[PDB]
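Novice: below is the sequence, then the experimental coordinates.
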Amino acid sequence: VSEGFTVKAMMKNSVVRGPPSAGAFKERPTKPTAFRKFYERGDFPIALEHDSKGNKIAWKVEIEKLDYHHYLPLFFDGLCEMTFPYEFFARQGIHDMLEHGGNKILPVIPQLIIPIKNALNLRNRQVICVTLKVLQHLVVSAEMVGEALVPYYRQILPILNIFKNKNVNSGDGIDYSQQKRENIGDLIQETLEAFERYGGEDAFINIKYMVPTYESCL
Amino acid sequence: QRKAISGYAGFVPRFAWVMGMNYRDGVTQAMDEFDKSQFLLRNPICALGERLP
Amino acid sequence: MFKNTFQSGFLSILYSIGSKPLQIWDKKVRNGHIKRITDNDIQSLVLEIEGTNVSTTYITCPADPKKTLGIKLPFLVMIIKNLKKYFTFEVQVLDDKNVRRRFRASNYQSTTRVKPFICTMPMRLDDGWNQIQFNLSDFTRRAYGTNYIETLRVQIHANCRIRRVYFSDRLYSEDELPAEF
Amino acid sequence: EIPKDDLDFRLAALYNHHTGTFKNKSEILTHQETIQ
Amino acid sequence: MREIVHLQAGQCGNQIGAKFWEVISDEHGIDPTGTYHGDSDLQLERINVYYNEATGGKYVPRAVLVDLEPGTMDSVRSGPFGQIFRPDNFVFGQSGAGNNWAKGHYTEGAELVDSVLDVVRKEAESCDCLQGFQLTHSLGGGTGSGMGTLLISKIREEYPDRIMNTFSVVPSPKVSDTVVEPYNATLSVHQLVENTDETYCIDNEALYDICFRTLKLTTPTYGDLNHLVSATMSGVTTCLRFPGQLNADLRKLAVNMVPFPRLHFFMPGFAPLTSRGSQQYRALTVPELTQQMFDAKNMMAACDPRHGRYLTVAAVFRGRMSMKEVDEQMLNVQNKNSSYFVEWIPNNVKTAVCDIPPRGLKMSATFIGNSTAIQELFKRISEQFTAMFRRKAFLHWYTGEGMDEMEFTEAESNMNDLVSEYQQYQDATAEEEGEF
Amino acid sequence: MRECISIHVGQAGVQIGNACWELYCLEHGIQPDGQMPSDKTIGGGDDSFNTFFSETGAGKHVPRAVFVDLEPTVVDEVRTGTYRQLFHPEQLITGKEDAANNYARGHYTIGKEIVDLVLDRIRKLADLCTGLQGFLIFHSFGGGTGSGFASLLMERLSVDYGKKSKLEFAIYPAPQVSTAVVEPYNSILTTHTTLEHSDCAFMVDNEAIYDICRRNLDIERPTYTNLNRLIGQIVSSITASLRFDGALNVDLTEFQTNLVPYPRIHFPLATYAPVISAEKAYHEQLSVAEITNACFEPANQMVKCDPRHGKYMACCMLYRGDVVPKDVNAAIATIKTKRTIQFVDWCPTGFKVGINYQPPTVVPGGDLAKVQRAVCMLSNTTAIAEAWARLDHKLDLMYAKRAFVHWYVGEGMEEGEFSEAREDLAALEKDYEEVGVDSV
Ligand SMILES: Nc1nc2c(ncn2[C@@H]2O[C@H](COP(=O)(O)OP(=O)(O)OP(=O)(O)O)[C@@H](O)[C@H]2O)c(=O)[nH]1
Ligand SMILES: Nc1nc2c(ncn2[C@@H]2O[C@H](COP(=O)(O)OP(=O)(O)O)[C@@H](O)[C@H]2O)c(=O)[nH]1
Ligand SMILES: [Mg+2]
């Protein structure tokens, strides 16, 4: 065997080893988050009721009046939880408070970038799919928001550049699992599509500065 | 820089004081002033207050 | 092939509905992918080929590299979804001069240039779903000096969604065309 | 056979000029009959 | 007519720059008085790249010296070649940087950035055309890190189509000199990655290792490390100053070595480095140069190149040498060390040759290497930073000067963003289906 | 009434032209100050130097050359060298900023403010010329200015002069060898213009000349000058029928209708037969019968492609020196029966041979030896199709992740100008495959 740039590799069938295969595309170990710590405490005003038509999160408080500056970053940091009765609470809380509630998302937007990067930086596919779906909902759920995210494209899109090459190669066989949008390449391309649709005329050069393989419409 | 013809991108020393001539005589005067300066600087011929105009 | 076929008013040569749509079609994939997808616009299956380099991933009409198909029908219709990306196609045409000539249209071209074997004209698409009505006989009569007898292959490149590539004789406007096309 | 020097260089040599890099005078005109 | 404006910041940058001027003044035959009495023909040719000619026959460097402490400019003045600079370009504060990025950047850099910006305006406007700027500093100190990168940011906003050259001394892994250097390095890198086009990372530990193992020096002072840095910082501008059979200036290397707009951190090196007795018993050939060029011991940064794949390699040669020899050497080195090079780039080596060798050396080469080995230095800085920042170790010297807690946790975010892209481009193959 | 205009763009073009013009000066009696001596004279007439030089009243000869680069670093040695009094100083055109290996820079950003001067100088050189049919440009296919500024220069000259012939002499990038990283992009982009505006584009690799200097010449570790001298001998072979009377003289337009079958298949190879050193030339009679076979050797081609994976179209073989028509008749008849050298079925003639009477000249301080007979072969073959599939592979290896593209988007050029040229090279490969089929 060999080692590298030495006289070891100067031989006649010197077999050279290779690089140590650095930390890309591998799931990083997780860490406990603030969502579980604040939830076992019990300060959240939420309760889980099991309706017949699916699990629905029940709110014991008027959802219109709530400190979004204290609750929305706390729910966004809960996306890093893979344990089953917590990921529903994080996902459904983000979706319900983004949909029920307007003209309060904007001042919270500079505070929810670090939890978004934390959720995306864990290289697990399910959490990445979920945060991409809630980002697609976030950029459309209100006005004046998409071109408020455009300075923060340098902190979301770096890991969106990783998984743009993940589709099924079955040339004639249909991908049956289409309803559960679990493949990440199309989800990333639709997230970038929504970042271009809402975000004004400065978004294209930022997406090109982050994701170089990008193709623009309009 | 002595044998340089017309349009020439090199640095000819003492050239941005030559006044109203072409490139060739400008180079000649520039290199002559340069050689005069070096020779008067090292070899001590001129007395005090006599080595500059 | 397609020498003993009847070659009536139309001839379907691709369809997204069936067991093996790309049976007679070759499939090269490099930095790309090919898959069948239910569309949310027409509520039916479409083909789906795309990749970073449009030229590396494509599909060619006869499977064998040296085998050539013979289609008498002059027209060419393609129901292709516009994705605002780089999409090219290319045909090969036989003439009375008995030489093989190639016409290529690309989304990124802006000039119409004429060469003895290639003719690269541009092509513009609309917003959503549309059919590119091609006329091989007139494009051989106008740009070149000869006529049209057979077309030998078609080649569909990346960044597009394919459904029902077919030839025809006359431009069926909207009503004499059957509902399945 | 080889009724010329051109055929000795041309046919039976295994050298691929498009592929082989920085070969000396002897690694061009190596034949198949040398190997087997 | 392609001229570069030189700047040096801080106590480390000033010594590095002073050794650099000492090196290139003897390259062009300039006396310590500022007068030319060299011997070679080609010395006075492209001296307008770095110098200006004054009335009476002098040659002044295009150097702007910035400091925050006044006692470090007279050390530079009282050096061997400290009397060639203009006194007008000597900008300096009165209150020290205190090893604070805050005082270098916000509240003691703000009153002196104007004066140095006017001086660098005066220097970079007498030229007919301008190619770029040079800045020598270190990412560990106070005014070497808070002021120099602010100056880079304020110069980039006025000259956006010109190159920028930063030659930084990043803090070493196991050699510690100041307590607070992880904070300075993390605050400095995140804006040294969006404000300059070419950056060279030189570690003091790797320089010490070279001086111990390669040079066999008994007692290496701080002059020898600066001589090592100047031997490779002046090899990237020898194509501008001397004719060659295949020339390559700063922008040529900027285009060739940078695949994507952020990965512009490079690892320097020098090829014909030899000991005091082994110099005389040595044969100097291109296959001899290549082994000392490519080995891990000669790397000026403490990142092992065997720990990652090379992205793009530059090798500027100096000396009257053949071209097929250099050609076949790079071809062999790539061909059978094939797993250490990026496989979606076909050729990763740029070759340049110059006809004027360094004095006393009959053949030399300099190495510029963009590798994914540099991802471990940034992770090391982040690890040395997170331990202090987890318990808020020394923040009252910074936050009490006036910052917000988020200004420190965004530097780590940009550090991690820099690391992840290097990891991705290390693991990326030619086809995009094998990593999953 | 015959002349040629030489435009050497890029550092490679200018360094090639240095050896070329020293060769042309030695081919006549012209001292490097530009004046013929009166102490002694060579046997020359006024019809010899008309192709490449111009005459003043006093007796000074001036080349029909323009030396243009965006750098100074290659042109001031022409201004300060031995051949500094030969050139008119306005021909030596020197820019300020570099091309930085960018087709974008030399095509849009820096070449656009210098093209109005070189075009005006070309115009001023083409009005002193009675006849027409010149324009012999020299560039490399890997650099920035030699691929960007040459493309724009040919673009302007095609609409400024209409027909002429843009003779183009490429240094095409070697298969396993390149001294830059962004060479495939530049080569594809300059091929997109050379493929439609040059009338027959000559092809030369540096690696094959390295091999030829390695084996035929016995030299070890060659430099660029040895490559440039052999390239200059090849170019002097082409214009040998324009300055010296021979048995079968070939005009520049004569072999364009002979070599080029189709409007795109105009990339011929080269071969120079008696390239042997001084210690080897005097020990063998280099007769026509074996220097003819030296042209068809697989290892003597200066483009890295075996002719054995292709079929020849036409060959333009320009002999010079002690050559008789029956000798080349027997030499061509020898080759036509060998079953390895394959020809297409639609070219039963297959050859074109011209005979000159002037032997090639030596350069004092050179490497070749004085031979009486020399052959330059111009093969148009299908074998060059394999040299562009590798360029396709090298382009798709990097473009598929859009590496280095943003340095080209930054100067004027839109993103699809890469795909626009890659589709043209793919069409070229398909044309080469289509033309090479047999006829059933
Ligand atoms: N065969 C041969 N090739 C040369 C010679 N000089 C330079 N080259 C080629 O030039 C290529 C590098 O690009 P250049 O043409 O020199 O660059 P340029 O046109 O001056 O553009 P810049 O890089 O911006 O300076 C290399 O691949 C060499 O093959 C030469 O003397 N002979
Ligand atoms: N190469 C080199 N490094 C030095 C020298 N002097 C100090 N340093 C390094 O510079 C670092 C301190 O940077 P500093 O001078 O405080 O930067 P400043 O605060 O901006 O002036 C230390 O870690 C030293 O290792 C020198 O003479 N040469
Ligand atoms: Mg150049």
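Specialist: The structure has been received and is ready for your questions. Numbers count the residues shown, from 1 in each chain, chains lettered A, B, ... in the order given. Ligands and ions are numbered 1, 2, ... in the order given.

Novice: can stretch E:143-155 be found next to chain A?
Specialist: No: using CB under 8 Å from any CB of the partner chain, stretch E:143-155 never reaches chain A; the gap is at least 15.9 Å. Backbone N, C-alpha and C define where each C-beta goes, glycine included.

Novice: centre of the chain versus that stretch, how much separation?
Specialist: Its chain's C-alpha centre lies 15 Å from the corresponding centre of stretch E:143-155 when counted by CA atoms, centre = their mean, to the nearest Å.

Novice: got the CA coordinates for it in CSV?
Specialist: Taking Å, rounded to 0.1, in the frame of the first residue of the first chain, the C-alpha atoms of stretch E:143-155 are listed here in CSV:
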residue,chain,number,x,y,z
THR,E,143,-5.2,45.6,14.5
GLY,E,144,-3.9,42.9,12.2
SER,E,145,-7.5,41.5,12.1
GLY,E,146,-10.1,44.2,12.9
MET,E,147,-8.5,47.0,10.9
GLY,E,148,-7.1,45.2,7.8
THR,E,149,-10.4,43.5,6.9
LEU,E,150,-12.4,46.7,7.5
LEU,E,151,-9.9,48.3,5.1
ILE,E,152,-10.5,45.5,2.6
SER,E,153,-14.2,46.0,2.9
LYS,E,154,-13.9,49.7,2.4
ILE,E,155,-11.6,49.3,-0.6
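
Novice: element containing the residue in chain D positioned nearest to chain B, please.
Specialist: Closest approach between chain D and chain B, counting by CB to the nearest CB: residue D:22, at 38.1 Å. Residue D:22 belongs to no helix or strand when elements are defined using DSSP states H and E.

Novice: give me the number of residues near it?
Specialist: Applying other CB atoms under 10 Å in any protein chain shown, we find 16 residues neighbouring residue D:22.

Novice: so how far is residue E:331 from it?
Specialist: Separation of residue D:22 from residue E:331 (CB to CB, to the nearest Å) stands at 8 Å.

Novice: tally up the residues packed near the one residue in chain C that gets nearest to chain F, please.
Specialist: Closest to chain F within chain C is residue C:108: 3.3 Å, counting by CB to the nearest CB. Residue C:108 has 19 neighbours, counted by other CB under 10 Å.

Novice: with adjacent residues omitted, what lies nearest to it?
Specialist: Of all residues not flanking residue C:108 in the chain, residue F:416 sits nearest, at 3.3 Å (CB to CB, 6 or more residues apart in numbering or on different chains).

Novice: how about the residues of chain E by ligand 1?
Specialist: Residues of chain E lying close to ligand 1 (CB under 6 Å from any ligand atom) are E:246, E:252.

Novice: mind listing the strands for chain E?
Specialist: Shown for chain E, the strands assigned by DSSP state E span residues E:2-9, E:51-54, E:58-61, E:63-67, E:90-92, E:129-138, E:163-169, E:198-202, E:265-266, E:310-318, E:349-354, E:364-371.

Novice: how's chain E carved up into domains?
Specialist: E:3-257, E:265-374, E:375-425 (CATH domains of a matching chain).

Novice: strands of the chain, start to end?
Specialist: All of this refers to chain A. According to DSSP E, the strands that chain A contains are A:46-51, A:54-59.

Novice: I was after chain C.
Specialist: Taking DSSP E to define them, one finds strands in chain C at C:10-12, C:32-38, C:45-51, C:58-60, C:75-81, C:88-94, C:100-106, C:113-114, C:119-122, C:129-131, C:134-135, C:150-157, C:161-168.

Novice: got the angle for the second one vs strand C:150-157?
Specialist: Spelled out, it's strand C:32-38. 90 degrees (axes from the mean of the first three to the mean of the last three CA atoms, to 10 degrees).

Novice: list the helices and strands strand C:32-38 packs on?
Specialist: Using 3 or more CB pairs under 8 Å, 6 or more residues apart in numbering or on different chains; DSSP states H and E as the contact test, the elements touching strand C:32-38 are strand C:45-51.

Novice: which strands and helices sit next to the strand it packs on?
Specialist: If contacts are counted by 3+ CB pairs under 8 Å, 6+ apart, strand C:45-51 sits against strand C:32-38, strand C:161-168.

Novice: how far off centre is that strand?
Specialist: Per CA atoms, centre = their mean, the centroid offset for strand C:45-51 relative to its chain is 14 Å.

Novice: ok, now stretch F:174-186?
Specialist: Between the centre of stretch F:174-186 and the centre of its host chain there is 19 Å, according to CA atoms, centre = their mean.

Novice: hmm, that stretch in reach of chain E?
Specialist: Yes: with CB under 8 Å from any CB as the measure, stretch F:174-186 is seen reaching chain E through F:176-184.

Novice: start and end of stretch E:397-404, how far apart?
Specialist: One end of stretch E:397-404 sits 12 Å from the other (CA to CA, to the nearest Å).

Novice: how about that stretch, which residues are buried there?
Specialist: E:398, E:401, E:403 (16 or more other CB atoms under 10 Å in any protein chain shown).

Novice: same check, this time on stretch F:70-89
Specialist: Neighbour-count burial for stretch F:70-89 flags F:70-80, F:83-84, F:86-88 (criterion: 16+ other CB under 10 Å).

Novice: also within reach of chain B: list those from those residues.
Specialist: F:72, F:75-76, F:79-80, F:84.

Novice: name the element the residue nearest to residue E:252 when sequence neighbours are not counted belongs to?
Specialist: Nearest in space to residue E:252, with sequence neighbours left out and distances taken as CB to CB, 6+ apart, is residue F:100 at 5.1 Å. Under the criterion DSSP H and E, no helix or strand holds residue F:100.

Novice: that older thread, quick check, nearest of the buried residues of stretch F:70-89 to chain A?
Specialist: Ranking the buried residues of stretch F:70-89 by separation from chain A, with CB to the nearest CB as the measure, puts residue F:70 on top at 27.8 Å.

Novice: what sits against residue 34?
Specialist: Assuming you mean chain A. With contact taken as CB atoms under 8 Å, 6 or more residues apart in numbering or on different chains, residue A:34 is in contact with A:74, A:77-78.

Novice: sorry, I should have been clearer: chain B.
Specialist: B:13-14, E:57.

Novice: wait, a strand at it?
Specialist: No: Residue B:34: not assigned to a strand; according to DSSP: H, G, I helix; E, B strand; the rest coil it is helix.

Novice: ok, the nearest residue to residue B:7 once chain neighbours are set aside to chain D distance?
Specialist: Leaving out its chain neighbours, the residue that sits closest to residue B:7 by CB to CB, 6+ apart is residue F:89, at 5.7 Å. Here residue F:89 is placed at a distance of 42 Å from chain D (CB to the nearest CB, to the nearest Å).

Novice: equivalent analysis for residue E:70, please.
Specialist: 61 Å.

Novice: surely that residue is in contact with residue E:94?
Specialist: Yes: with contact defined as CB atoms under 8 Å, residue E:70 reaches residue E:94; the gap is 6.2 Å.

Novice: neighbour count: these two, which is higher?
Specialist: residue E:70 (13 against 10).

Novice: need the domains of chain E in JSON lines (columns: distance to ligand 3).
Specialist: Below are the domains of chain E laid out as JSON lines (distance: least, CB to the ion, whole Å):
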{"stretch": "domain E:3-257", "distance to ligand 3": "6"}
{"stretch": "domain E:265-374", "distance to ligand 3": "11"}
{"stretch": "domain E:375-425", "distance to ligand 3": "29"}
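
Novice: and those domains as CSV, adding distance to residue C:76?
Specialist: Shown next, in CSV, are the domains of chain E (distance: least, CB to CB, whole Å):
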stretch, distance to residue C:76
domain E:3-257, 43
domain E:265-374, 37
domain E:375-425, 42
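
Novice: can you map out the helices along the chain?
Specialist: No chain was given, so I picked chain A. A:34-41, A:68-76, A:84-99, A:105-108, A:113-121, A:125-140, A:157-160, A:184-197, A:203-210 (DSSP state H).

Novice: can you look at chain D instead?
Specialist: Taking DSSP H as the test, the helices found in chain D are D:6-10, D:32-35.
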